[PDB]
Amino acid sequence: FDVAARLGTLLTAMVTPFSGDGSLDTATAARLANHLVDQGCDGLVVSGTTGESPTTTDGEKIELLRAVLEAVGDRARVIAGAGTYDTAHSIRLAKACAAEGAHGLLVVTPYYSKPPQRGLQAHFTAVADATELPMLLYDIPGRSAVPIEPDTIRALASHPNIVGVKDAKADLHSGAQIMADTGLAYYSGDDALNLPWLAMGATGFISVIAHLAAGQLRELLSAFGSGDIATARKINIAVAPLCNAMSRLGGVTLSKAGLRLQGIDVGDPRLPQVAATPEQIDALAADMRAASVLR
C-alpha cells in the first residue's frame, strides 16, 4: 500500500460552501476543489471538521462527495470524513461514502461522550470492518475530549484497513515511535506543526491553511523532501501568520473569510459557527498579506 500515492501528500480539509440561504452549494464546491488541486493539493478531505461535518446532513455529505469526485477525482484523491460519536451512524456513512467512490475514509475519535479506550477500539474496528477502503484515524483530543492512547493506536494498526493517523494531538515522540513500529502513515492535522511532523516522518499534511496557501505548502513539502531544510523553514515562517489567524478564528471561520478575501465566495458557516466580523476580516487580511497570499 503506497499511502502517498493512494491518499496524497498535500490535502486540504475543504470547507463546505453554502449559498446565501444556508443551503449546500455544490457548484462552488466543484470550483473550489479544482482551485485547490490546481494550486498544489493532490488530495482533498470532504466533510472533515473544517467542512462543518456537525451541521450538514448525511444527504448533503453524499451530494458534496459526489460533486467533488466528479470535479477532481480523476486527478486527486478524495477522502471522505465518515466518523461521528455514533458507531452505527459512522458505519452507515462509511458504507455510503464507499458506494459513491471515495478513495479513503477519515474517522475522528468519537467526541463528547468520552468512551473508554476499549470502546474507541471497538468503534474504529467496526468502521474499518464496514468497507474495503483505506482508513485514517483522526486523533484530536482538544476537540473530542479523549485521545486515542498510543496502545490503542497500536492495536488498531493490526487492522488491515487502518493505514494511518491524522494527528492533532501533537505527541510527536509517540507518533514517531508508532510510525517506526507499525508502519502507520502520519499526516499533520495541525498546520503549526507541519514542519516538525515532517521531521518525524509524516507523509504529508491534511491542512486548513492550504485553502489560502496551498502553493507554498507544496513548496515546503518539496523543499523538505529534497533535504533543503533551510528553505522549508523559510516557507514555514512565511505562512506562520496564517497559523496565527487560525488560532484566533478557528479553521471554519478563517477558511470561509480568507477564501472570500481571495475572490472565492463560499458563503458563511452554519450556526453555532459564525462568520468573521469586519474587524476579524481586517486582521485576517493583514496576516494574509504578510504571508504573500493576498495583494
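For every residue, the number given is its place in the sequence shown, counted from 1.
Mean C-alpha temperature factor, higher of 254-262 and 228-236: The stretch with the larger average C-alpha B-factor is 228-236.
Residue range whose averaged C-alpha B-factor is higher in the record, 219-227 or 116-124: Stretch with the greater average CA B-factor: 219-227.
Third of the chain, ranked by Cα B-factor, where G73 sits: Highest third.
Chain third (lowest, middle, highest) by recorded CA B-factor, residue given as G101: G101: CA B-factor falls in the highest third of its chain.
For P272, the third of its chain into which the C-alpha B factor falls: Ranked within chain, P272 CA B lands in the lowest tercile.
Ranked C-alpha temperature factor of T50 among modelled chain residues, by third: Its C-alpha B-factor belongs to the lowest third of this chain's values.
Chain third (lowest, middle, highest) by recorded CA B-factor, residue given as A192: It belongs to the highest third of the chain when residues are ordered by C-alpha B-factor.
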